[PDB]
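Peer 1: Take this structure, written in structure tokens, and hold onto it; I'll ask about it next.
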């Protein structure tokens, strides 16, 4: 029941505060996509819209991970921030 857990933690994620470091947000994003959509197949955004480019980069950064592998780290990373958020 990994996917089961993943989907529950993808919600728990949204609960997290907006204040979390962008570095962390991007890692969650990259994993989330890689897990749900698999390796990026879109054009890398250009220099006008960093947010878009940075995201794309975060997803490209984890092109290697299998959907299962990706889910695993996603849940893990969420947990850190929940147990760290809770302090």
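Following Swiss-Prot, chain A shows residues 2-88, kept in their order.
Determined via X-ray crystallography, 3.6 Å.
Quick reminder: no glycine exception, Cβ is built from N, Cα and C everywhere.
Pulled the feature table from Swiss-Prot, pasting it below:
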BINDING   15, 30, 31, 32, 33, 34, 52, 56, 75  acyl-CoA binding site
DOMAIN    3-88  domain 'ACB'
Peer 1: A 10 Å Cβ contact count, applied to the binding-site residues 33, 75: which residue has the minimum?
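Peer 2: If we count Cβ atoms within 10 Å for the binding-site residues 33, 75, the smallest count is at 33.
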Peer 1: At 10 angstroms around each C-beta, which of the binding-site residues 15, 31, 52 has the fewest other C-beta atoms nearby?
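Peer 2: Looking at the binding-site residues 15, 31, 52, the Cβ with the fewest others within 10 Å is that of 15.
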Peer 1: Which residue counts does DSSP give the domain 'ACB' (3-88) for helix, strand and coil?
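Peer 2: DSSP classes over the domain 'ACB' (3-88) add up to 60 helix, 0 strand, 26 coil.
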Peer 1: In whole Å, could you give the widest CA to CA gap in the acyl-CoA site formed by 15, 30, 31, 32, 33, 34, 52, 56, 75?
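Peer 2: The acyl-CoA-binding residues span at most 20 Å between Cα atoms.
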